[PDB]
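The block underneath contains the structure these notes are about, expressed in structure tokens.
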Amino acid sequence: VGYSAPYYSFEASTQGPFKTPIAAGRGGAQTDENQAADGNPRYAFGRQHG
Amino acid sequence: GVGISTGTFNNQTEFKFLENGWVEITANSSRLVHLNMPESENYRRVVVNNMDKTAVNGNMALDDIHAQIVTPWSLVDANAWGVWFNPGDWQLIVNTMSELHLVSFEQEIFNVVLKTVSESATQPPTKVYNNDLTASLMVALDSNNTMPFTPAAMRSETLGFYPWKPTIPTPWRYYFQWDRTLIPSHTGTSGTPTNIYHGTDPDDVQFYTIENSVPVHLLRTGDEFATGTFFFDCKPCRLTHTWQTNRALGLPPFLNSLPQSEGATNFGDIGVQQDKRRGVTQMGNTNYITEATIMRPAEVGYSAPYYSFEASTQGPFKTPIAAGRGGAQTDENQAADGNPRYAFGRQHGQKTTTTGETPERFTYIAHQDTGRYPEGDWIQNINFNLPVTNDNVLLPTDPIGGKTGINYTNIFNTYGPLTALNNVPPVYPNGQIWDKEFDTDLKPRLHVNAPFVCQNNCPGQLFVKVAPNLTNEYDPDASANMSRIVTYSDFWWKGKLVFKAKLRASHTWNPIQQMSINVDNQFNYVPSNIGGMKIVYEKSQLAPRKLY
Amino acid sequence: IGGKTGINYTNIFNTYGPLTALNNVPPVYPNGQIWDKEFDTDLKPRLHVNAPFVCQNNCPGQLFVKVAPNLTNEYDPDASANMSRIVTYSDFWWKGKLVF
Amino acid sequence: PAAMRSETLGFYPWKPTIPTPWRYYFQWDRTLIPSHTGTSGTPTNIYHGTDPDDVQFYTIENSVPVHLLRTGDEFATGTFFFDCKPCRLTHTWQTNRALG
Amino acid sequence: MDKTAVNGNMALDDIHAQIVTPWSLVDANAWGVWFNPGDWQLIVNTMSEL
Amino acid sequence: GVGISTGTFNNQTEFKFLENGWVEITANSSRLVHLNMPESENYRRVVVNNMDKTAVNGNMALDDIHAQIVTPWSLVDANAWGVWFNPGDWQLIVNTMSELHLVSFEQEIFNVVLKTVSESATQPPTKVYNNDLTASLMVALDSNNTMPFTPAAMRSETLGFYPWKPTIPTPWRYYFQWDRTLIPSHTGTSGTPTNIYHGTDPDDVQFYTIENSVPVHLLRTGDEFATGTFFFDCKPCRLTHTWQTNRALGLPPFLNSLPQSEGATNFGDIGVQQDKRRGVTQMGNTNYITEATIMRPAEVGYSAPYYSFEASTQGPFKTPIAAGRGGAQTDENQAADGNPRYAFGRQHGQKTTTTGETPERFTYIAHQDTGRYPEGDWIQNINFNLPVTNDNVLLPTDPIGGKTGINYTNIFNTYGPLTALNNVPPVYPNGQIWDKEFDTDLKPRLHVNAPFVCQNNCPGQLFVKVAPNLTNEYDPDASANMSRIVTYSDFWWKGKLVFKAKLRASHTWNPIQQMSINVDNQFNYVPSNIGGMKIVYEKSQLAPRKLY
Amino acid sequence: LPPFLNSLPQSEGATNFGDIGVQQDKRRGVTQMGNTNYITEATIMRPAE
């Protein structure tokens, strides 16, 4: 159930580096805002959307 | 019969346009095949041991130890692009179609001839060629695909590529199980690493004979043979390449400032602080939204270990990769892994009139940008404090295992549930057309050697052999070697491959990349004053396609 | 690893393989995207980390809008200048209907 | 998808909104070598330009039929059906450690 | 380039080329466009698949 | 009506493949046309006399004297390749079709708007634009082709070539008969050669008005107009060029000796004395059979006088030629006669963002080798004694009339009953598509300005005009000038051209010449950071065809 | 198509000519004189003879 993937891994092809995506992050017993990790998405937005 | 031809020569490829932009390409190929009696009339079980070469520490990749069964039969293989299309036809396909479908295959043997060389050992020792009218050619079509599959194109051993040049089949041989152990080492590795050929696991043993498995046909001059039509089962082949990288997927950032003047330095500018932008990332602990940082839907391509040899029951083997690199960074000089290399002879592209035995070769750099610049890769500690500190980064520059010529990219693997890749593009003319899937529970998502893998059913292989032309003396109980009349046969082979293609449509304002003759390549498409011929390789997914 | 003290084997680690079981991404209300277009790639990704719904064979097409040019009395197509327009703007009502 | 930039229609029915300026990626070639704080020198950081075979310039005018609507007019897309596996509204909690 | 010009800042890369068009995009693909906190509660607390 | 659109924008070109390799191309073109009220509301009869310029001896070719009728109407012309296809589409046609058929044409006017400029002569003098809801646009389609035919493409005055850039029609004017006499002279010609504008032959007088001849339509916002479908009558256009010269027709000489080795100097050799060979010639008094001498069936191309001005009733005019040269010998430097030159603006190819009023231009060098190298020509006395003697030869080098810069090739003409030539190839994007035949008893075998000439029937011209928007004061008996409200109109024009094409087939082993983007031309097919656009011209009969 | 006159007579008069307003070597249009920029009425391209 789940898998391990390289973290804060930038890969590079024909147009510059890019972050390697992960299907799920963590959080729970160990991660909260403080137990911050990879895989969890972050949303930034304005007055029209929240 | 004796004075009657049993067939027709046909090397015409027809293009028949249907409705709704579908063409039906039917490639006819005809050759004169020359065939000699077998070295022996036996099956031979031979081992190849170059232990001496691997005996040098640091040379493991030079390993060639194997066991194989040598058979008295020859294989007629026509699965290579060059057998069916010429530079002319390829241009048509490649510049105007957008996808290819392999539909069927048929082949037939006609106008068989058997002669016997008689030497009138004279002053100037002479030899008379005579027709053996009642002699037979032996034909076997393994349509139930019993025999192990051996695509002659991985050895540049297919029929030849020119309709006005006679050809020959290859001696059929197949791998026989063996057990071998080889421990890697390097220049100056004290000692002698184990390098052992253990032998054969009895439970892995399978000796196959044509005679016991396929029905054999004897054809005399008057006879003829024809395979019927075989239909393949295969997903279509795209004739277009993709160019978008993770870096080019979706909505670009809105530029708050646009160039006011033309000029290679008059850039536009996002107008917003990288730590003050809106959008999505997968960096839960950061407020920086950059193009390297912003979220993309999946990953195009993947990272795999390079110049990685793996080892199982029979020796080391190179780990295969689905796509190499090349472009901005790799040319012949920016040489990498993943790009295939083709070596071949006079029958398949090496200039005909060229003297010398060095194969003709080429490294294929596709056009779909789906590979990697390992040199641009970097791992960096999760705190993400930015001008990253030498010990919160792993650069393709830092050494692993203390080896200075090894970095984490050589052992790296970023394949996973978000990987998106494309099958392999066609390599004209040296590339194989179709391949047999592995009879494995779980199968490979692609084959790096043919764009077409037939799953449930493939055409069976065609085996040929001069039947034994005994002399008056023959004693089956002698421990000697059967003495035969020197016989050879010439027959005509005619094959028919049908494809289905779809015509491309322009969708951009700007023109596309097309194959075209020019003052620099021109002479590669016409004979020499000597009649020398050559067949330069070409690319196939010239036009772009949007990935997303 | 590599003698870097702030890097360990987990940062370069990968245990994805033929026994991996995972689930697609959950919906993010209200900022998350609903649907996404699959990649026109031979082999496709098992999921998309940005939308729980990827439409394969067919997706709704995009909708583009624009005020057509409201020219003034003076207009010279062969001038290397910039077309002069009457300051126009438009307001319209958009109505959409999504069924689940 | 305008949602990866938080550029969708707005979320409140009683607040007027606006569409986003449409733009799309154009092929380019760039090289950037990683480095760190105190990396002697200046790592290659080059914008090479465009592979001509990767070039695709698209225009709306040449590709889609354009509709001019005046006040009296109206426009309607018809109904589009999606093709998508269902989305689960439940989470799993079992780890390899809790199976069987 | 100026920003990446600082060693250790590669992840701050934003170099790209794009086509700027005179058209606007009407995009409504975000949850917030179709449901309110009220509706979301209903879906999420009582349905099991969507 | 007022708030209702009466039309649709469409600039999509569709390619619909039929059976047996026939495509049906349907080119949709849409533009926003801007139109102003007329200078005057009258027909004007004006003469242009640049006598002063021709007044310089040696400047006759600079002649511009003519009479014309100036009309209050504008012409909507869309006959230029660039109006219907983009670089993208052209590549498709040109690289994959082998012949083109122009089938039909339709055009319509919609979404009409009329505004009136009101100036609030303020501090900073202002002006308000208001809609004149009851005002009318006047449309006239001369479908009986009454008016004299005036293809706007010979002046680079067609609709513009980009769908996202508004355009304008041209002020319609037509030639009015005049009589003029100009005697040629040269630098230092004593005296003043007659240079007279005699006036008009009364029997050659034809004053035409739109109002009296075509039905006029008044369209208000709510209205719309549509021409119906017109079918053309025209022979097909070939998309291939020929390359064979008289020198390459038929059976080559049998070579009695062939190169034994490869080598740019290892030639083969006919083995027979030029005066001892078999074969046919038309040199009844000679036994020499050479490639320049042996008989060919007819002649490909012809020789015509060069930089020849002829004179009739209205001034001198350049003698036209069906094909120029270029290739081995002519490039921009090996400049010659017969090749057309195109001058144009920002609306038709000149870079958009370029400042400066010099037209953008280009000389078109076709690909069909059907022209001449006058420099290689020679006349030689019938005795044919060979190392010909200076006075039994006329070389492009000897002077005629004692002029040292004139030779017999400039006055030479070898057109005759054995001449074979091809019609003119298409010039994308500045070239005209179709042309009206001459209503002459005997007609020209071709037109050097359009590959398509419609004989029996052509689409009629489309005339547009803002109707008079009078003010409160208007006195028809005043010798003054009618005072009008400053009105202008914007309307959308939509045209539809349908073609029929046939797909090409490979017939040679070697690839063909195809149009393709590359690192050197790439930036000519995409906008600038400023949005500058340009439309570089292209060639059209790229692939070869055998002549015989 | 005759050349578009950028200047028209303002007064009646057998000498009140109109004038093309453009330099013969700066005009748009077609010719068959590949090596020249002069577009005049004797020079401009006609369809046949």
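How things are named: the first chain in the structure tokens is A, the next is B, and so on; residues count from 1 in each chain; ligands count from 1 in the order shown.
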With only C-alpha atoms as the counted atoms, please give the residues lying no more than 9 Å from residue 46 in chain G, apart from itself and same-chain residues fewer than 4 positions off, as a PDB file with C-alpha atoms, in the first residue's frame.
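Result saved to around-v2.pdb:
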```
ATOM      1  CA  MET F 154      -1.243  43.684 -59.691  1.00  0.00           C
ATOM      2  CA  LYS F 318       7.304  45.822 -72.163  1.00  0.00           C
ATOM      3  CA  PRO F 320       5.983  39.800 -71.969  1.00  0.00           C
ATOM      4  CA  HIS F 447      -1.599  34.606 -68.860  1.00  0.00           C
ATOM      5  CA  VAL F 448       1.755  35.365 -67.064  1.00  0.00           C
ATOM      6  CA  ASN F 449      -0.123  36.631 -64.004  1.00  0.00           C
TER       7      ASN F 449
ATOM      8  CA  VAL G  30       4.152  43.302 -60.199  1.00  0.00           C
ATOM      9  CA  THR G  31       6.654  43.367 -63.012  1.00  0.00           C
TER      10      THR G  31
END
```
Exercise for review: Considering only C-alpha atoms, return as a VMD selection string whatever protein or nucleic-acid residues lie within 7 Å of range 23-40 of chain C, sequence-local ones (same chain, fewer than 5 positions apart) excluded.
Suggested key: (chain A and resid 49) or (chain B and resid 547 to 548) or (chain C and resid 47 49 to 56 59) or (chain D and resid 3) or (chain E and resid 29 to 32)
Exercise for review: Quick one: everything within 10 Å of residue 67 in chain D, counting only C-alpha atoms, minus sequence neighbours fewer than 3 positions away in the same chain. Send it as a ChimeraX atom specification.
Suggested key: /C:65 /D:64,70,73-75 /F:5,7-10
For the residues selected in the previous step, produce a file with C-alpha atoms as a tab-separated table (two decimals), in the first residue's frame.
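The resulting selection-v3.tsv:
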```tsv
chain	number	residue	atom	x	y	z
C	65	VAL	CA	-14.26	35.21	-25.78
D	64	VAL	CA	-12.38	27.34	-34.51
D	70	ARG	CA	-24.78	41.35	-30.50
D	73	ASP	CA	-27.91	37.26	-29.57
D	74	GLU	CA	-27.15	34.40	-27.27
D	75	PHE	CA	-24.87	31.32	-27.37
F	5	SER	CA	-25.80	39.48	-35.87
F	7	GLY	CA	-23.33	36.27	-39.92
F	8	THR	CA	-20.54	34.06	-38.76
F	9	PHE	CA	-16.76	34.44	-38.75
F	10	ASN	CA	-14.98	31.50	-40.50
```
Review point. Got a sec: who's within 9 Å of residue 162 in chain B, counting only C-alpha atoms, leaving out chain neighbours fewer than 5 positions off, as number ranges by chain?
Key: B: 31, 82-83, 86, 347-348, 533
Contact table chain B vs chain E, cut-off 6 Å, shortest pair per residue, only C-alpha atoms, as JSON lines:
```
{"residue": "B:290", "atom": "CA", "partner": "E:14", "partner_atom": "CA", "distance": 5.8}
{"residue": "B:291", "atom": "CA", "partner": "E:14", "partner_atom": "CA", "distance": 4.9}
{"residue": "B:292", "atom": "CA", "partner": "E:11", "partner_atom": "CA", "distance": 5.7}
{"residue": "B:387", "atom": "CA", "partner": "E:8", "partner_atom": "CA", "distance": 3.9}
{"residue": "B:388", "atom": "CA", "partner": "E:8", "partner_atom": "CA", "distance": 4.5}
```
Would you output that residue set with N, CA and C atoms, as an mmCIF file, in the first residue's frame?
```
data_model
loop_
_atom_site.group_PDB
_atom_site.id
_atom_site.type_symbol
_atom_site.label_atom_id
_atom_site.label_comp_id
_atom_site.auth_asym_id
_atom_site.auth_seq_id
_atom_site.Cartn_x
_atom_site.Cartn_y
_atom_site.Cartn_z
ATOM 1 N N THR B 290 7.253 28.727 -8.709
ATOM 2 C CA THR B 290 8.077 29.031 -9.902
ATOM 3 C C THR B 290 7.736 27.974 -10.949
ATOM 4 N N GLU B 291 8.308 28.151 -12.121
ATOM 5 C CA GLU B 291 8.003 27.173 -13.166
ATOM 6 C C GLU B 291 8.585 25.847 -12.824
ATOM 7 N N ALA B 292 9.661 25.806 -12.031
ATOM 8 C CA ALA B 292 10.247 24.473 -11.667
ATOM 9 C C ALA B 292 9.435 23.847 -10.535
ATOM 10 N N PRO B 387 19.307 29.800 -1.070
ATOM 11 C CA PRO B 387 20.646 29.389 -1.800
ATOM 12 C C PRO B 387 21.032 28.203 -0.933
ATOM 13 N N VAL B 388 20.698 27.050 -1.509
ATOM 14 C CA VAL B 388 20.899 25.747 -0.904
ATOM 15 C C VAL B 388 22.384 25.643 -0.622
#
```
Review point. If you run DSSP on the backbone, which residues of range 192-425 of chain F are strand (DSSP E or B), as a PyMOL selection string?
Key: chain F and resi 195-199+216-219+225-226+230-231+237-238+240-241+257+269+281+294+299-300+309-312+315-318+341-344+360-363+379-380+393-394+419-420
Store the residues picked out above in a file with N, CA and C atoms, as a tab-separated table (two decimals), in the first residue's frame.
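Saved the output as out_19.tsv:
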```
chain	number	residue	atom	x	y	z
F	195	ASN	N	7.40	63.63	-77.79
F	195	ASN	CA	6.80	63.09	-76.54
F	195	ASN	C	5.47	63.82	-76.44
F	196	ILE	N	4.44	63.32	-77.12
F	196	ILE	CA	3.13	63.90	-77.14
F	196	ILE	C	1.95	63.10	-76.64
F	197	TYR	N	1.12	63.75	-75.87
F	197	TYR	CA	-0.12	63.17	-75.35
F	197	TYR	C	-1.18	63.78	-76.32
F	198	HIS	N	-1.62	63.05	-77.29
F	198	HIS	CA	-2.57	63.51	-78.29
F	198	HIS	C	-3.97	63.65	-77.73
F	199	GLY	N	-4.44	62.78	-76.86
F	199	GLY	CA	-5.84	62.97	-76.37
F	199	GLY	C	-6.65	61.70	-76.57
F	216	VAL	N	-28.11	48.09	-57.32
F	216	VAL	CA	-27.46	48.44	-56.03
F	216	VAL	C	-28.35	48.10	-54.83
F	217	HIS	N	-27.64	47.50	-53.87
F	217	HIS	CA	-28.27	47.08	-52.64
F	217	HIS	C	-27.99	47.98	-51.48
F	218	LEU	N	-28.98	48.50	-50.74
F	218	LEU	CA	-28.59	49.33	-49.57
F	218	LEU	C	-28.65	48.43	-48.33
F	219	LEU	N	-27.55	48.23	-47.60
F	219	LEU	CA	-27.73	47.38	-46.42
F	219	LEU	C	-27.60	48.27	-45.16
F	225	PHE	N	-25.70	40.51	-46.97
F	225	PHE	CA	-25.68	40.30	-48.43
F	225	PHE	C	-24.81	39.07	-48.71
F	226	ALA	N	-25.28	38.38	-49.74
F	226	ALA	CA	-24.51	37.17	-50.12
F	226	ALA	C	-24.62	36.94	-51.60
F	230	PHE	N	-20.50	30.71	-57.42
F	230	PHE	CA	-20.11	30.82	-58.83
F	230	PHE	C	-19.15	29.66	-59.10
F	231	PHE	N	-19.43	29.05	-60.23
F	231	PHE	CA	-18.55	27.89	-60.61
F	231	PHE	C	-17.58	28.37	-61.67
F	237	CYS	N	-4.26	23.10	-62.76
F	237	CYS	CA	-2.96	23.65	-62.45
F	237	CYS	C	-2.09	22.51	-61.96
F	238	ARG	N	-0.92	22.38	-62.52
F	238	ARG	CA	0.00	21.30	-62.11
F	238	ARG	C	0.84	21.79	-60.97
F	240	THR	N	3.72	20.39	-60.18
F	240	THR	CA	5.03	19.80	-60.38
F	240	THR	C	5.75	20.53	-61.47
F	241	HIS	N	7.05	20.48	-61.35
F	241	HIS	CA	7.86	21.13	-62.39
F	241	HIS	C	8.55	20.06	-63.23
F	257	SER	N	32.02	2.39	-73.32
F	257	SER	CA	33.04	2.15	-72.25
F	257	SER	C	32.45	2.83	-71.01
F	269	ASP	N	32.34	6.40	-71.79
F	269	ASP	CA	32.55	7.05	-73.10
F	269	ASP	C	31.77	6.34	-74.18
F	281	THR	N	19.44	13.25	-87.53
F	281	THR	CA	19.70	14.69	-87.35
F	281	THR	C	18.87	15.41	-88.42
F	294	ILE	N	22.02	15.76	-82.70
F	294	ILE	CA	20.99	14.70	-82.85
F	294	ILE	C	19.58	15.27	-82.79
F	299	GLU	N	10.60	21.41	-79.52
F	299	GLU	CA	11.50	22.24	-78.70
F	299	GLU	C	10.73	22.62	-77.43
F	300	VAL	N	11.36	22.47	-76.30
F	300	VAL	CA	10.90	22.80	-74.96
F	300	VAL	C	11.35	24.27	-74.74
F	309	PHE	N	10.59	46.90	-75.53
F	309	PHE	CA	9.43	47.79	-75.33
F	309	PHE	C	8.80	47.91	-76.73
F	310	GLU	N	7.50	47.72	-76.82
F	310	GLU	CA	6.77	47.80	-78.10
F	310	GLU	C	5.84	48.98	-78.02
F	311	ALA	N	5.37	49.47	-79.16
F	311	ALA	CA	4.49	50.64	-78.99
F	311	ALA	C	3.30	50.58	-79.91
F	312	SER	N	2.20	50.98	-79.23
F	312	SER	CA	0.93	51.03	-79.98
F	312	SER	C	0.33	52.41	-79.68
F	315	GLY	N	1.44	54.42	-75.94
F	315	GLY	CA	2.75	54.55	-75.24
F	315	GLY	C	3.45	53.19	-75.37
F	316	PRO	N	4.67	53.20	-74.91
F	316	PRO	CA	5.46	51.97	-74.98
F	316	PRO	C	5.05	51.06	-73.85
F	317	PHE	N	5.31	49.78	-74.06
F	317	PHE	CA	5.01	48.71	-73.09
F	317	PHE	C	6.02	47.57	-73.27
F	318	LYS	N	6.35	46.93	-72.16
F	318	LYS	CA	7.30	45.82	-72.16
F	318	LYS	C	6.70	44.58	-72.81
F	341	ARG	N	8.54	39.95	-60.45
F	341	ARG	CA	8.97	40.64	-59.23
F	341	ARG	C	7.74	41.24	-58.54
F	342	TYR	N	7.66	40.94	-57.25
F	342	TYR	CA	6.56	41.38	-56.40
F	342	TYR	C	6.96	42.38	-55.34
F	343	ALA	N	6.27	43.52	-55.27
F	343	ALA	CA	6.44	44.62	-54.33
F	343	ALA	C	5.13	44.71	-53.50
F	344	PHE	N	5.35	44.80	-52.20
F	344	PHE	CA	4.19	44.87	-51.31
F	344	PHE	C	4.47	45.37	-49.91
F	360	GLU	N	8.26	45.80	-49.77
F	360	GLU	CA	8.94	44.57	-49.49
F	360	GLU	C	8.97	43.93	-50.88
F	361	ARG	N	9.96	43.23	-51.35
F	361	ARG	CA	9.91	42.70	-52.73
F	361	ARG	C	10.55	41.36	-52.90
F	362	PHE	N	10.40	40.79	-54.08
F	362	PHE	CA	11.05	39.47	-54.31
F	362	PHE	C	10.90	39.17	-55.81
F	363	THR	N	11.91	38.45	-56.30
F	363	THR	CA	11.95	38.03	-57.70
F	363	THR	C	11.71	36.50	-57.61
F	379	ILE	N	24.58	31.45	-83.74
F	379	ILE	CA	24.00	31.24	-85.07
F	379	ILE	C	25.20	30.78	-85.88
F	380	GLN	N	25.09	29.97	-86.88
F	380	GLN	CA	26.44	29.66	-87.56
F	380	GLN	C	26.01	29.32	-88.97
F	393	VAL	N	29.82	32.66	-87.70
F	393	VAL	CA	29.24	32.64	-86.42
F	393	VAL	C	28.80	34.08	-86.04
F	394	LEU	N	27.71	34.04	-85.31
F	394	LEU	CA	27.12	35.27	-84.73
F	394	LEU	C	27.06	34.84	-83.25
F	419	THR	N	7.14	24.52	-80.54
F	419	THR	CA	7.31	25.00	-79.15
F	419	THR	C	6.36	24.34	-78.16
F	420	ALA	N	6.96	23.92	-77.08
F	420	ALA	CA	6.24	23.28	-75.97
F	420	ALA	C	6.61	24.09	-74.74
```
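For the pair CA of residue 177 in chain F and CA of residue 2 in chain G, the separation is 11.9 Å.
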Point to revise | Surrounding residues of range 6-19 of chain G excluding itself and chain neighbours under 2 positions, 7 Å, only C-alpha atoms, as a count of residues only | key: 6
Point to revise | Surrounding residues of range 69-76 of chain C excluding itself and chain neighbours under 6 positions, 9 Å, only C-alpha atoms, as a count of residues only | key: 22
Exercise for review: With a distance cut-off of 10 Å and only C-alpha atoms, select the neighbouring residues of residue 60 in chain D, excluding the residue or stretch itself and same-chain residues fewer than 6 positions from it, and output the selection as a ChimeraX atom specification.
Suggested key: /C:64 /D:66 /E:21-23 /F:11-12,163-164
Go ahead and save the residues from that selection, with C-alpha atoms, as an mmCIF file, in the first residue's frame.
```
data_model
loop_
_atom_site.group_PDB
_atom_site.id
_atom_site.type_symbol
_atom_site.label_atom_id
_atom_site.label_comp_id
_atom_site.auth_asym_id
_atom_site.auth_seq_id
_atom_site.Cartn_x
_atom_site.Cartn_y
_atom_site.Cartn_z
ATOM 1 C CA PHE C 64 -12.798 31.729 -25.797
ATOM 2 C CA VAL D 66 -16.139 32.256 -34.437
ATOM 3 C CA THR E 21 -3.262 35.907 -27.584
ATOM 4 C CA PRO E 22 -5.906 38.582 -27.968
ATOM 5 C CA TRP E 23 -8.441 36.126 -26.541
ATOM 6 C CA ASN F 11 -11.303 31.306 -41.514
ATOM 7 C CA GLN F 12 -10.944 27.508 -41.357
ATOM 8 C CA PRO F 163 -7.435 36.882 -40.211
ATOM 9 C CA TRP F 164 -6.809 38.839 -36.983
#
```
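Using only C-alpha atoms, the nearest neighbour of residue 17 in chain A within the list B:113, B:248, B:65, B:27 is B:248.
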Using only C-alpha atoms, I'd like a table of the residues in chain B that come within 10 Å of chain F; for each, show the closest atom pair and its distance in Å rounded to one decimal, ordered by chain and ascending number, as CSV.
```
residue,atom,partner,partner_atom,distance
B:12,CA,F:507,CA,9.9
B:13,CA,F:506,CA,9.5
B:14,CA,F:505,CA,9.1
B:15,CA,F:505,CA,7.8
B:16,CA,F:20,CA,7.1
B:17,CA,F:21,CA,5.4
B:18,CA,F:19,CA,5.8
B:19,CA,F:18,CA,5.8
B:20,CA,F:17,CA,5.7
B:21,CA,F:17,CA,5.4
B:22,CA,F:17,CA,8.6
B:23,CA,F:21,CA,9.2
B:85,CA,F:509,CA,9.4
B:86,CA,F:509,CA,6.1
B:87,CA,F:510,CA,5.7
B:88,CA,F:511,CA,4.4
B:89,CA,F:506,CA,6.4
B:90,CA,F:511,CA,8.3
B:91,CA,F:511,CA,6.1
B:92,CA,F:506,CA,7.1
B:95,CA,F:95,CA,8.5
B:96,CA,F:96,CA,7.0
B:258,CA,F:529,CA,7.8
B:259,CA,F:529,CA,6.1
B:260,CA,F:530,CA,6.4
B:261,CA,F:530,CA,6.1
B:262,CA,F:530,CA,5.7
B:263,CA,F:529,CA,7.8
B:264,CA,F:529,CA,9.0
B:266,CA,F:529,CA,7.8
B:267,CA,F:529,CA,7.9
B:268,CA,F:529,CA,8.2
B:353,CA,F:262,CA,8.6
B:503,CA,F:17,CA,8.9
B:504,CA,F:92,CA,8.9
B:505,CA,F:15,CA,7.8
B:506,CA,F:88,CA,6.2
B:507,CA,F:88,CA,7.6
B:508,CA,F:88,CA,6.2
B:509,CA,F:88,CA,5.0
B:510,CA,F:88,CA,4.8
B:511,CA,F:88,CA,4.4
B:512,CA,F:517,CA,5.8
B:513,CA,F:516,CA,4.8
B:514,CA,F:516,CA,4.9
B:515,CA,F:514,CA,6.7
B:516,CA,F:513,CA,4.8
B:517,CA,F:513,CA,5.3
B:518,CA,F:513,CA,7.1
B:522,CA,F:510,CA,8.3
B:523,CA,F:510,CA,9.4
B:524,CA,F:510,CA,8.5
B:525,CA,F:510,CA,4.9
B:526,CA,F:510,CA,6.8
B:528,CA,F:262,CA,6.8
B:529,CA,F:262,CA,5.9
B:530,CA,F:262,CA,5.7
B:531,CA,F:262,CA,8.8
B:532,CA,F:262,CA,8.3
```
Exercise for review: Do me a favour and pick out the residues of chain A within 7 Å of chain B, using only C-alpha atoms, as a ChimeraX atom specification.
Suggested key: /A:7-19,21,36-45
Practice item. With a cut-off of 7 Å and counting only C-alpha atoms, select all residues of chain D in contact with chain B and give the selection as a list in words. Key: residues 1, 2, 4, 5, 6, 23, 24, 25, 29, 32, 33, 34, 36, 37, 48, 53, 54, 56, 57 and 58 of chain D
Revision key, fill the gap. Atom pair CA of residue 111 in chain F + CA of residue 143 in chain F, distance 22.8 Å
Report the closest atom pair, with its distance in Å rounded to one decimal, for each residue of chain E that has an atom no farther than 12 Å from chain C; count only C-alpha atoms, sort by chain and then rising residue number, and write it as a tab-separated table.
```
residue	atom	partner	partner_atom	distance
E:21	CA	C:66	CA	10.3
E:22	CA	C:66	CA	7.3
E:23	CA	C:66	CA	5.4
E:24	CA	C:65	CA	5.2
E:25	CA	C:64	CA	4.8
E:26	CA	C:63	CA	5.5
E:27	CA	C:63	CA	7.4
E:28	CA	C:96	CA	8.2
E:29	CA	C:33	CA	5.5
E:30	CA	C:33	CA	4.3
E:31	CA	C:30	CA	4.7
E:32	CA	C:30	CA	4.1
E:33	CA	C:30	CA	7.7
E:34	CA	C:98	CA	7.6
E:35	CA	C:30	CA	8.0
E:36	CA	C:30	CA	8.3
E:37	CA	C:29	CA	8.7
E:38	CA	C:29	CA	11.8
E:39	CA	C:29	CA	10.9
E:40	CA	C:29	CA	7.9
E:41	CA	C:29	CA	10.5
E:43	CA	C:100	CA	10.7
E:44	CA	C:27	CA	10.0
E:47	CA	C:100	CA	11.6
E:49	CA	C:100	CA	10.2
E:50	CA	C:100	CA	6.7
```
